[PDB]
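# Descriptive analysis of the structure
Here is how the chains run, residue by residue.
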Amino acid sequence: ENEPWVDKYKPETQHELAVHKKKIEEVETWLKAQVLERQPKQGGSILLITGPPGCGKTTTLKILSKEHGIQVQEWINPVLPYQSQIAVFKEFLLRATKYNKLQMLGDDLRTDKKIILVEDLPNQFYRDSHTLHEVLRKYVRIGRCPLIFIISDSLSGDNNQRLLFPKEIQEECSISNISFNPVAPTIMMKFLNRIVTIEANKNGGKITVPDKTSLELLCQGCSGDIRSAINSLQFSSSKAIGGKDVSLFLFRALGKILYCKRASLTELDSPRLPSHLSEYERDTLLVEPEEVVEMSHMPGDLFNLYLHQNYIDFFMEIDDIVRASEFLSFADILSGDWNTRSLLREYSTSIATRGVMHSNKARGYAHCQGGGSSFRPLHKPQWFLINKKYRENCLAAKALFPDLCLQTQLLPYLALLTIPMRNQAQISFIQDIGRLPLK
Amino acid sequence: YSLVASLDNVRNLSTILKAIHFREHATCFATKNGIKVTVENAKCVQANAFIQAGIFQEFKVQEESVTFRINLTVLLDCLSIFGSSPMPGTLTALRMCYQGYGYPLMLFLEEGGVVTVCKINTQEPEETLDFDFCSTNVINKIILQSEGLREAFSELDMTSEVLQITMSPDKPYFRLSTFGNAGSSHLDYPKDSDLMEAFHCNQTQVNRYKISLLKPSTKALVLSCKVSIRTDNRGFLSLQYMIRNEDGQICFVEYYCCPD
Amino acid sequence: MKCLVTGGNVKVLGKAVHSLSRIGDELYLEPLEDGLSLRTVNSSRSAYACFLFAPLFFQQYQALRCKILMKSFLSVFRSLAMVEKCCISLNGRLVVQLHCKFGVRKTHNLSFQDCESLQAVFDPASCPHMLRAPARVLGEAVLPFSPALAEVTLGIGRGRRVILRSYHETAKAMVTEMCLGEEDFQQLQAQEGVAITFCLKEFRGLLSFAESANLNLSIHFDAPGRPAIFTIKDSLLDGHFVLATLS
Amino acid sequence: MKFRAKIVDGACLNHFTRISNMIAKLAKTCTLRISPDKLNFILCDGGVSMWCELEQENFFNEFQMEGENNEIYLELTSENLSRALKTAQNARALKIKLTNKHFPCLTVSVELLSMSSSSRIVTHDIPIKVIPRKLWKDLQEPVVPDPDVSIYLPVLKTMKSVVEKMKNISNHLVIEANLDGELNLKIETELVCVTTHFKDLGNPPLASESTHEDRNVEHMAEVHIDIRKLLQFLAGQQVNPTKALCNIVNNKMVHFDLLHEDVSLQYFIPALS
DNA sequence: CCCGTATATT
DNA sequence: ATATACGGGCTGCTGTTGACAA
Ligand SMILES: Nc1ncnc2c1ncn2[C@@H]1O[C@H](COP(=O)(O)OP(=O)(O)OP(O)(O)=S)[C@@H](O)[C@H]1O
């Protein structure tokens, strides 16, 4: 009666965890294969642990470490009342990697193998993102014990994780990867039932047990997160609550927009097109584009680019493509200034989404989606690389024939120049623009 | 030419100005008796100085008083342009002329054959408050030394937000309290000491003050030899200092602050 | 708990506090049946420093264990130990009342959290090797080193002499090979190549406190891997430092 | 390549310490040029070029070297050398020797004496990077063109103080040299304008005495420079020499000549802030 | 969003 | 006969005010 239910029903043994057995086994075999095959000449290594919040990454690691007798080293940020933060961090890392504890007074004594766990990363590491690469390189050079990194990530708004580990340090530093998944409904169901049974057996007084019909409602609006589920169960059992916001996983939002889940026109009193707009009749819709675009947490000018990249393949007629292209162009026009670019931006995205959705008359006839929609992956806009190439080629044309118009007028002359000149790095540039493929 | 002033020891004016320097702008007041530079902040705190005509050797004014606003940082930098560490035996002389409204302020400095000329254009004026603290409604007054509070006010810059001052005839005669992250810190000062020249408090007074407004008093406390504390019925605080120069004259600086 | 320190002991108490701050981040206060104990441990638990103060001021415990952030104590005794008396008690708050010149009194109330009892295990008798020397000689021996060094190696050379070096792990840095003579040290039980590698900052704090009244150190170094011991004995003051060695 | 040098005299060691401290304060990485006769401190690049000439025979009692073109060029950080020499203020013997223990090193060994009979030995290994001969031409002493005006310099302390106080107002300065020994330092902002004058500076007898019948004495060849490199040059100096000369040209160059005891210093500050 | 496949369990 | 996890596609292209590490 002094700790929350989250801190009271913690898993002591391994069997009390709420994680699928295969993931626990994978973490365990990695750790135990490192321990059993611990060569005296083995160097340092880095392990990466990802996953949505509230899945149980830390607790399973702590339990598996305690089961096999492994010392763990934490990293708590020091408290200010001159030395930089990075200096303190590197000093702690060196001390932890080199030497060992002395004796203490009552511990798990028989230990000579340990791992270092770092969770509370400093702010400077988030702002800079370039000191971390040097630190990791030095550790790989001089590392003995493995380093485990724990990151919390969401579906949209994943800037910190990709900023910290941008696919290059992992590739050139030989870092492993382990990814968790949200807890399945059955596991959470069984654990919640066990907890409520334990509370019911406590007796003490005539207290109304929460109804079963709300018990799956509690687990439905939490998206595989144990901690908020237990908090909501505690709140509701006092005598739905716990509406965690969703992130929609942008690649899912794109499919939601581009697939147009329709209904069979249930009998209602919706307005109809009276006499001459008979070719614009559409079946009822069950999606709000504005909420979908807002919930993906992306700028509108990027959403429109992705839609422009991915909208062609889903269309079967040409006239609808023409209408969609005109709508996309009109959406583009509204954002071409600089002072009023951010005052009116919702109009462009709304127009683009609704135009792409409504123009698809072939798909929009309720029971006319059978059958198709094969296993197809989406892609990324190709305009970024072309624009960057255009800019760098702009500069390489200006500063080197400076005595945009040069690319528009002088560069045609360059294309009809084709004669040599006195340099080494310039003949390659001359041969670059003027050798496009042509039969 | 309105007012022209010449002197041979810039250090007196320089230290008087540095004792009041915490804002960026200041307002002057030239009268047949001397100059008076005042500064205000937050519409509550106000610091003023005084340089009587006794110090000056060549002082000339025309007709009525003259008012203008000058940047304090630039003037203080220009005054001490020959190094703020002269050996005994070296002096610097200055001359200043202000030729009426709409024209800048001249400053010609000379030392050992080196002559410098500078000009400061002035854009005036502002408005000042009416902090009248005549010794009629004053209830609590004390006069005391500076070496006692050198370290004390030096040991006063923490992450707190309010300074508590309590003065009573009995028990905590003069107590300062500071509540911060760690804990309280009391600095009781008793009577009948080497720094208790006159104790005449009448009734108990406990008040709270802002650290941000009262912080810049350290500069006035450092370059001083005596300090007078005054508080009236409402709770307004008046601080009077006493600074001396190398020749052996006395100048005063006054601080006014309002309670929370 | 009630302690009343009077005299020049305030300065040495402040110096001990500064050394502990240079070693650790938190301060453990423990009143034993024979005096006061100040303890500190490194963040990675690779160093442990303890000062036991023999009864010298008023020691009287019980009328009993605390830990405090160390920056607060360091600031208080850096700005308020330059002062003729000191008083320490435990209310309930930790009162650090400080009598001063004339009639000025300064009080400092602090917040503390409950903690466990910290101790270690050292066996000076089990250590074969032993080295003794005045602190001033060692302090002079560590002056040429740059203030950005990390690890230092102590060894005994061929010919009964001591050697201090600079351990480095193509833009390299400078190396130092400072050497001394046997005629300055007072006691050596050593071997023909036994050397140890340890840190520097805790050693610098030890030397800084030991360079006041010209005290004598005592190093009991063992085979690599085992901890080293630095013991300082005085009239009414005991101190022991435990470090770790690279294996 | 071989190089060995021995220092015993206290005054020479103190002067070497002063020179090393000055070059450490002035620059980060420096080039040392050792010749059969003399030592040269070189820096070439903000395009400040730094030359210091030092006579070898007046400092070392034993000095041997070997490099046909007997000439050693070394590139090294000045802070390491300054820290190495700092510990020999009260020393007895100092030895400098080229060695190749692990990587090319300039070993400095200092013999400390004390009350103990045994003499302590302190050894330092400063890394060096031998520049190939191909760049030997690029480190040559900068040429001194015909100066438009050559003027004696005032006391360095007052000029340093004035410039330091001038740094706050702006980051631009103008230096003006007259033919009657008048030196003017000017700054002109949109709010404050400041000008400082120096007079009675003796004009040295110029070599060309036939080019002064049509040149106005009141004329000047003033230039403007950024006040970020002048302040370092004034702050580094600690003693006032007796050969303070300034050569000013109209277009883009200001040059300083100093000579103290037996060490010569040539300063080159580019114009066009 | 979409289709097809391999494992735990009753 | 039914619940749960792999497989594939994302860090990206002029002005005025505000926080952080030194
Ligand atoms: N079966 C269970 N499995 C996991 N956690 C449980 C379980 N039962 C109770 N808990 C509690 O839930 C906590 C899990 O904390 P989490 O926040 O999910 O861990 P986490 O992986 O660090 O989440 P992050 O760091 O925010 S991504 C445990 O520390 C327990 O207090």
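Method of determination for the deposited model, per the PDB record: cryo-EM, at 3.59 Å resolution.

## A few points about unusual backbone geometry
A cis amide bond links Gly 370 of chain A with the next residue in sequence, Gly 371 of chain A, at an omega value of 0°. Mapped onto the elements of the fold, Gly 371 of chain A is located in the loop between α16 (346–359) and α17 (383–398). Omega for the bond connecting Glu 124 of chain B with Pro 125 of chain B falls within 30 degrees of zero, at -20°, which places this linkage in the cis form. Along the chain, the position of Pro 125 of chain B falls in the loop between β11 (114–120) and β12 (138–144). In this structure, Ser 373 of chain A takes a positive phi of about 55° despite not being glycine. Relative to the elements of secondary structure, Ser 373 of chain A occurs in the loop between α16 and α17. If you check the backbone angles, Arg 160 of chain C has positive phi at about 60° while not being a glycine. For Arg 160 of chain C, the position within the fold is in the loop between β11 (152–157) and β12 (161–166). When its relative accessible area of 52% is taken as the criterion, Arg 160 of chain C is described as exposed.

## Some words on the packing of helix α15 (residues 318–333) of chain A against α16 of chain A
Residues and elements named next belong to chain A. The N-to-C vectors of α15 and α16 enclose an angle of 175°; their axes lie 8 Å apart at closest approach. The angle between the axes of α15 and α16 places the two elements in the roughly antiparallel class. Contact with α15, carried on its side by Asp 320, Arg 323, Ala 324, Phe 327, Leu 328, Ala 331 and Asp 332, involves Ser 348, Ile 351, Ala 352, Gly 355, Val 356, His 358 and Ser 359 of α16 and no other residues of that element. A class-by-class count of the residues in the contact of α15 with α16 yields 7 nonpolar, 4 polar and 3 charged.

## Regarding the site of the ligand
Residue and element names in this part refer to chain A. Taken together, 17 residues are adjacent to the ligand, and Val 6, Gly 54, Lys 57, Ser 152 and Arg 227 come closest. Contact distances for the ligand include 2.5 Å between an oxygen atom and a backbone N or O atom of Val 6. Note that a nitrogen atom of the ligand is positioned 3.4 Å from one of the backbone N or O atoms of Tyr 9. Relative to its unbound accessible surface of 650 Å², the ligand loses 85% to contact with the protein. By residue number, the principal contributor to the shell around the ligand is helix α3 (residues 57–67), which donates 3 residues. Grouping the constituent residues of the shell around the ligand by class yields 7 nonpolar, 5 polar and 5 charged.

## A closer look at the environment of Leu 231 of chain D
Residue and element names in this part refer to chain D. By secondary structure assignment, the location of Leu 231 is in helix α4 (residues 230–236). On the basis of relative accessibility, which here comes to 17%, the residue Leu 231 falls in the buried class. Considering only alpha carbons, one finds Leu 231 and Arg 83, 148 residues apart in sequence, at a separation of 24 Å.

## Points about the pattern of salt bridges
Scanning the model with the defined rule gives 28 salt bridges over all chains in all. Its salt-bridge partner being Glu 126 of chain B, residue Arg 69 of chain B comes within 2.9 Å of it at the nearest N-O pair. Of this pair, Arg 69 of chain B sits in strand β8 (residues 69–71) while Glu 126 of chain B sits in the loop between β11 and β12; the two residues are 57 residues apart in sequence, bridging distant segments of the chain. Residue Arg 69 of chain B is classed as buried on the basis of its relative accessible area of 19%. For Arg 228 of chain D, the salt bridge is made with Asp 226 of chain D, and the minimal N-O distance between the two is 3.0 Å.

## A look at the pairing of strand β17 (residues 205–210) of chain B
Residues and elements named next belong to chain B. Residues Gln 205, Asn 207 and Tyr 209 line the buried face of β17, whereas the alternating positions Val 206, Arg 208 and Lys 210 sit on a face that is not buried. As paired strands, strand β13 (residues 162–167) and β17 are joined by 6 bridges and run antiparallel to one another. For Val 162, the partnering residue across the bridge sits in β17 and is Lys 210.

## Some words on a negative patch on the surface
Together, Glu 33, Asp 34, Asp 234 and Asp 238 of chain C give the surface a local cluster of negative charge. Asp 34 of chain C gets classed as partly exposed once you look at its relative accessible area, which sits at 40%.

## Some remarks on the protein's contact with DNA strand F
Residue and element names in this part refer to chain A. As a structural note, the neighbourhood of DNA strand F is formed by 31 residues, with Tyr 82, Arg 127, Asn 181, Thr 186 and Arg 391 the closest of them. At the protein interface, 63% of the atoms of DNA strand F within 4 Å belong to sugar or phosphate. Interatomic distance of 2.7 Å between a side-chain N/O atom of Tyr 82 and a phosphate oxygen of DNA strand F. Between DNA strand F and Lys 380, the relevant distance is 3.0 Å, taken from a phosphate oxygen to a side-chain nitrogen or oxygen of the residue. Every element with two or more residues in the surface near DNA strand F is listed here: α4 (85–98), α5 (123–128), α7 (159–164), α9 (185–201), α12 (250–259), α14 (300–310) and α17.

## Regarding the protein's contact with DNA strand E
Residues and elements named next belong to chain A. The environment of DNA strand E is made up of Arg 252, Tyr 259, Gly 372, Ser 373 and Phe 375. Within 4 Å of the protein, the contacting atoms of DNA strand E are drawn from sugar and phosphate to the extent of 60%. The contact in question runs from a phosphate oxygen of DNA strand E to an N or O atom on the backbone of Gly 372, over 3.4 Å. Here a sugar or linking oxygen of DNA strand E and a backbone polar atom of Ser 373 are 2.8 Å apart. In terms of residue class, the surface near DNA strand E is built from 2 nonpolar, 2 polar and 1 charged.

## Quick look at the arrangement of the chains
Contact analysis covers 4 pairs of chains in contact, and the most contacts occur between chains A and C. One finds no contact between chain A and chain D; the C-alpha atoms of the two approach each other to within 21 Å at their closest.

## Digging into the sheet that holds strand β1 (residues 3–7) of chain B
Whenever strands of a sheet pair, they do so through backbone hydrogen bonds, lying parallel or antiparallel. Strand order in the open sheet formed by 9 strands is β7(B)-β1(B)-β9(B)-β10(B)-β11(B)-β14(D)-β13(D)-β12(D)-β15(D), and the pairing between neighbours is antiparallel. Each edge of the open sheet carries a strand with a single partner, namely β7 (58–60) of chain B together with β15 (223–225) of chain D. Adjacent strand axes in the sheet meet at a mean angle of 15° when their direction is disregarded. In this sheet, strand β13 (residues 183–188) of chain D lies alongside strand β12 (residues 173–177) of chain D in antiparallel orientation, the contact comprising 4 bridges. Directly across from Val 174 of chain D, in β13 of chain D, lies its bridge partner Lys 186 of chain D. Of the strands in this sheet, β9 (93–98), β10 (105–111) and β11 of chain B together with β14 (192–198) of chain D touch helix α2 (residues 72–79) of chain B, which is tilted by about 25° from β10 of chain B.

## Details of the interface of chain C and chain A
How big an interface is tends to be stated in terms of the accessible area lost upon association of its parts. Between chain C and chain A, the contact holds 22 residues from the first and 19 residues from the second. The interface formed by chain C and chain A contains 4 salt bridges. Between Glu 91 of chain A and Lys 201 of chain C there is a salt bridge, with the nearest N and O atoms lying 2.7 Å from each other. The interface formed by chain C and chain A contains 4 residue pairs in polar contact. For the side of chain C that touches chain A, the per-class residue count stands at 10 nonpolar, 6 polar and 6 charged.

## Let's talk about the state of the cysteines
Residues and elements named next belong to chain C. In the structure shown here, the tally under the stated rule is 1 disulfide over all chains. The thiol of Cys 100 is not disulfide-bonded; the next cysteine sulfur, from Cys 86, is found 11 Å away. Judged by relative accessible area, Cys 100 falls into the buried class, the value being 14%.

## Focus: the interface of chain D and chain C
Taken residue by residue, the interface counts 15 residues in chain D and 14 residues in chain C. Approximately 1,400 Å² of surface area, both sides summed, lies buried where chain D meets chain C, with 59% of it carried by carbon and sulfur atoms. Of all residues in chain D, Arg 83, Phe 103 and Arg 120 of chain D bury the most surface against chain C, accounting for 34% of the area lost on that side. When the shortest N-O distance is used, the salt bridge between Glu 140 of chain C and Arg 120 of chain D registers 3.8 Å. Linking chain D with chain C are 0 residue pairs in polar contact. Among the elements of the structure, α2 (78–86) and β9 (120–127) of chain D are those that each provide at least two residues to the side of chain D that touches chain C. Sorting elements by how many residues they give to the side of chain D that touches chain C places β9 of chain D first, with 8 residues. Split by residue class, the side of chain D that touches chain C holds 5 nonpolar, 7 polar and 3 charged.

## Things to note about the sheet that holds strand β4 (residues 147–150) of chain A
Residues and elements named next belong to chain A. Within the open sheet, the 5 strands sit side by side as β2-β3-β4-β1-β5. Their pairing is parallel. Edge positions in the sheet fall to β2 (71–73) and β5 (178–179), since each has one partner strand and no second. As paired elements, strand β1 (residues 46–50) and β4 share 4 bridges and run parallel to each other. Pairing of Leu 47 across the sheet is with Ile 148, part of β4.

Parameters and conventions
- Residues numbered from 1 in each chain as written, not as in the entry; some residues may be left out.
- Chains lettered and ligands numbered in written order.
- Part of a larger assembly, values for the part shown.
- Heavy atoms only, no water.
- Residues with missing side-chain atoms left out of burial classes, pairs and counts.
- Helix = DSSP H or I, 4+ residues; strand = E, 2+ residues; numbered from the N terminus.
- Buried < 20%, exposed > 50% of the residue type's maximum accessible area, 1.4 Å probe, protein only.
- Axes fitted to C-alpha atoms, helices over the stretch in contact; angles between N-to-C directions.
- Parallel < 35°, antiparallel > 145°, perpendicular 65-115°, else oblique.
- Contact = heavy atoms within 4.5 Å.
- Nonpolar A, V, L, I, M, F, W, Y, C, P; charged D, E, K, R; others polar.
- Near = heavy atom within 4 Å.
- Polar contact = N/O pair within 3.5 Å; in protein donor to acceptor, adjacent residues only side chain to side chain.
- Areas by Shrake-Rupley, 256 points an atom, 1.4 Å probe, with all protein chains shown as cover.
- Salt bridge = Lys/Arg side-chain N within 4 Å of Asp/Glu carboxyl O.
- Pairing = 2+ DSSP bridges.
- Patch = residues over 30% accessible without salt bridge, like charges linked within 9 Å, V, L, I, M, F, W, Y side chains within 5 Å.
- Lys, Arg positive; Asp, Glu negative; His and termini not counted.
- Charge placed at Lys NZ, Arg CZ, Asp CG, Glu CD.
- Disulfide = S-S within 2.5 Å.
- Buried area = accessible area lost by both parts, 1.4 Å probe.

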